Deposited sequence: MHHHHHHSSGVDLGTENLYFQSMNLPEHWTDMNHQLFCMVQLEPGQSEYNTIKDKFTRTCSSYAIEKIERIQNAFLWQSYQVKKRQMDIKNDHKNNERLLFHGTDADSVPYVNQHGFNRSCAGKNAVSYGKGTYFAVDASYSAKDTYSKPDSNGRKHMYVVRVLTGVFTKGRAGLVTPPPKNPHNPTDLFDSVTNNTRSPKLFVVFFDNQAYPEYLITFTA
């Protein structure tokens, strides 16, 4: 069930599709970035078409929609990456096993592109190019994180296996989310940009 807005892949399961500047999809993703990163230069935006990652992600979304009995489990977040990690992420998504993990040992995602645009996260390559993903994240029901978590905390210490879906720095006004499982995050767009 590959999304409508995807383009034909000639029976292949993986493609990076450069977006056309000035068309709807490009303008949408550009505005989300320029909200907080209007001083950077965008070189290009690519749609990640990974059928395996998409399928595993959609299975987790349908499971979380059943478990939570509601369907607002998804958010659009940012993830800065060094050039050398881009091929891995395009292919295999985000891997907690691969900076400071103050809110737990998972994969980190920023509400604001400004945060992901830090050189510690979006490390400039030899040519000055920085890389940031726009990511669909199953944040689901969340609580405040803490150092050393390997999974989100229990929703009630009387059932230690019924878990929050993610953790955050701040539950009232979140600026980051940590997920602790593979296939809880779909890398949807890659932005290549410069300072």
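Novice: Could you give the ranges of the deposited sequence that carry no C-alpha coordinates?
Specialist: Model skips 1-23, 122-124 of the deposited chain.
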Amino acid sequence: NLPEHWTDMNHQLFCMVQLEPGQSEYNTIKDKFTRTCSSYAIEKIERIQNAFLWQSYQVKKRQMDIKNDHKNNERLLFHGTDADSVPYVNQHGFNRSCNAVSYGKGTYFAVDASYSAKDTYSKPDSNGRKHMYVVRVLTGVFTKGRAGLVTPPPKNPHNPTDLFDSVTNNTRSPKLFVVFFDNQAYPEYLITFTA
From here on, numbers count along this sequence of modelled residues.
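In this text, rigid core is short for the largest set of C-alphas that superpose within 1.5 Å between two forms.
Novice: Fitting on the core, do the C-alphas of 70-78 or of 107-115 deviate more in 9 other deposited structures of this protein?
Specialist: Relative to the shown form, the greater RMS C-alpha distance in 9 other deposited structures of this protein belongs to 70-78.
Novice: Which of the two stretches, 182-190 versus 20-28, has its Cα atoms farther on average from this form in 9 other deposited structures of this protein when everything is superposed by the rigid core?
Specialist: Between 182-190 and 20-28, greater C-alpha deviation in 9 other deposited structures of this protein belongs to 20-28.
Novice: Which is higher on average in the deposited entry, the C-alpha temperature factors of 28-36 or of 66-74?
Specialist: 66-74 has the higher mean C-alpha B-factor.
Novice: Name the higher of the two by mean Cα B-factor in the PDB entry, 123-131 versus 166-174.
Specialist: Stretch with the higher mean C-alpha B-factor: 123-131.
Novice: Of the options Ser56, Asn159, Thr139, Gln49, which has the highest CA B factor as deposited?
Specialist: Most elevated C-alpha B-factor of the set, per the entry: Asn159.
Novice: Could you look up the Cα B-factor of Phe193 in the entry and say which third of the chain it sits in: lowest, middle or highest?
Specialist: Its C-alpha B-factor, which the entry lists for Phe193, ranks in the middle third among residues of this chain.
Novice: So where's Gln184 on the chain's Cα temperature factor ranking, which third?
Specialist: Tercile = lowest for this residue's CA B-factor.
Novice: Within this chain's modelled residues, let me know which third the CA B factor of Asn95 belongs to: lowest, middle or highest.
Specialist: For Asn95, the deposited C-alpha B-factor lands in the middle third.
Novice: Please place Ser114 in the lowest, middle or highest third of its chain according to the CA B-factor in the PDB entry.
Specialist: Its C-alpha B-factor, which the entry lists for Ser114, ranks in the lowest third among residues of this chain.
Novice: What third of its chain, lowest, middle or highest, does the C-alpha temperature factor of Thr81 fall into?
Specialist: Highest third of the chain for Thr81's C-alpha B-factor.
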